[PDB]
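Student: I would like to see how this sequence folds:
(chains A, B, C and D, ligands or ions: 2)
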Amino acid sequence: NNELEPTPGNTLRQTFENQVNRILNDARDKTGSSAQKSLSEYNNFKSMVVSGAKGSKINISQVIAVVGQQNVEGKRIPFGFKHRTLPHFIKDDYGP
Amino acid sequence: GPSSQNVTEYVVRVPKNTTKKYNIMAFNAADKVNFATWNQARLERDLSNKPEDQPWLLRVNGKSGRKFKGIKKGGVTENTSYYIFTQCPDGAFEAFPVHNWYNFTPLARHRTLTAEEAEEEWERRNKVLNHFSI
Amino acid sequence: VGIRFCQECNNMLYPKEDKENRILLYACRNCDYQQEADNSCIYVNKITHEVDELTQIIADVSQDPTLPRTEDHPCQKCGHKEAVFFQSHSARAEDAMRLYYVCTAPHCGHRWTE
Amino acid sequence: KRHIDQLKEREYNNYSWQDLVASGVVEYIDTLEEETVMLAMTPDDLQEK
Ligand SMILES: [Zn+2]
Ligand SMILES: [Zn+2]
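Tutor: Numbers count the residues shown, from 1 in each chain, chains lettered A, B, ... in the order given. Ligands and ions are numbered 1, 2, ... in the order given. Please find the structure below.
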């Protein structure tokens, strides 16, 4: 409905998609924090992450909470079909 | 009118022989040629090709008159023969085979630009635009 | 703004200038057929390129089974309550997230942006 | 359903894949033609009003 205002040095798509990406990143960070929030002292993932032997604090959240958002060439999944990503969506769908 | 309520029946014959070969002479409608203006015509096979294959050269009105070039169509009986149907005094129809299709087009007897000369002129003109710059 | 073809040899008529009555004359190079110009302008160059694609989209797009549909926005010229919308899908994609609609009723073909 | 209860009997019925194409219920779709099509992934879930 043309209610967005581009920022200095940003196209509307940029401004558009980079704002969408920022919202997605905030949601992913919240999900990861929630996943980290719930572990026990007897947990065996936390036992290899804390001692630094093998693993990282994001594998815990990816196994327990959310895999996250994929991207090729450093940007969101492109439109490989014409105005679609797969034949199971409707055209120009920009949802998450 | 008779085009609406008109009715009739006529016999059709297809003679196994003719005294003359039958061809089609086609004109662009867009020209709307007045055939009445054709007092006379000459018709000869085109000389660029220096016979049956030869394109036709049509010269209207003998000496002073129009001129067209006719180019043969690729095919005429490759899948379906074409017939000329003519009405006879007995009402019966007579059918004539189409031997060939020639395409006739109008000719421009004006302006003669020359090859080597044209190319030479283009370079000088091209050169002139580049010269005297800024 | 348009183009002019000769009436004798069917070629492109060029503009020329005569130093007698101060009127634009269209001339041919092959033949020298002549006539005067009615609008008396030759060249125009649109750089804004703000052409509204409401003049370029076709009415039969409403036969596409791969486009979204809507029950909210009805057609004005016929009152049908089903439309099919899409984006510019062309160049000039700097701020191009408008949403053109097309009525889906048979033999209406009404188009409108918002 | 008439196509299923007679397709589970190919052993002594002589009704097979070929009699299924020739009845107009399946169709081969190329890649170019696959841009003018609208696919559903699963019947019971995507074809409900
Ligand atoms: Zn001319
Ligand atoms: Zn309508």
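Student: What ranges does chain C have for its strands?
Tutor: Using DSSP state E, the strands assigned to chain C run over residues C:14-17, C:24-27, C:34-36, C:69-70, C:83-86, C:100-103, C:111-112.
Student: Quick one: residues contacting whichever residue of chain C sits closest to chain A.
Tutor: When distances are taken as Cβ to the nearest Cβ, chain C reaches nearest to chain A at residue C:95, 3.9 Å away. Any C-beta I mention is one placed from the backbone N, CA and C, and that applies to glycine too. Neighbour list for residue C:95: A:2, A:6, A:11, A:12 [criterion: Cβ atoms under 8 Å, 6 or more residues apart in numbering or on different chains].
Student: So among these, which ones count as buried?
Tutor: residue A:12 (16 or more other Cβ atoms under 10 Å in any protein chain shown).
Student: Now do stretch C:4-24: distance from first to last residue.
Tutor: Terminal residues of stretch C:4-24 lie 13 Å apart, using Cα to Cα, to the nearest Å.
Student: Distance from stretch A:61-68 to the middle of the chain?
Tutor: Put simply, stretch A:61-68 sits 10 Å off its chain's centre (Cα atoms, centre = their mean, to the nearest Å).
Student: mind checking the end-to-end distance for it?
Tutor: Taking Cα to Cα as the measure, stretch A:61-68 stretches 9 Å from start to finish.
Student: what does it contact?
Tutor: Under the contact criterion Cβ under 8 Å, 6+ apart, stretch A:61-68 has outside partners A:28, A:31, A:32, A:34, A:35, A:36, A:38, A:45.
Student: buried sites along that stretch?
Tutor: Burial within stretch A:61-68, assessed by neighbour count using 16+ other Cβ under 10 Å, is assigned to A:61, A:65.
Student: still on that earlier bit, which one among the contacts of stretch A:61-68 gets closest to residue C:39?
Tutor: When the contacts of stretch A:61-68 are compared for distance to residue C:39, the smallest value, 61.4 Å, is given by residue A:28; criterion: Cβ to Cβ.
Student: Figure out the helix or strand that the residue sitting nearest the centre point of chain B lives in.
Tutor: Note on chain B: the residue nearest the mean C-alpha position is residue B:104, at 1.9 Å, using Cα atoms, centre = their mean. Here residue B:104 sits within strand B:100-106, counting by DSSP states H and E.
Student: Show residues contacting that strand.
Tutor: Counting by Cβ under 8 Å, 6+ apart, strand B:100-106 makes contact with B:21, B:23-28, B:31, B:55-56, B:58, B:66, B:68-73, B:76, B:82, all of which sit outside it.
Student: and it, which strands flank it?
Tutor: Strands flanking strand B:100-106 in the sheet, each with its direction: strand B:23-26 (parallel), strand B:67-72 (antiparallel) (DSSP bridges).
Student: quick one: the helices in the chain?
Tutor: Unless you meant another one, I'm taking chain A. With DSSP state H, the ranges of helices along chain A come out as A:12-37, A:45-50, A:57-64.
Student: switch to chain D, that's the one I care about
Tutor: For chain D, the helices defined by DSSP H cover D:18-21, D:43-46.
Student: how far does the last one sit from the chain's center?
Tutor: In this view, helix D:43-46 has its centroid 15 Å away from the chain centroid, taken as Cα atoms, centre = their mean.
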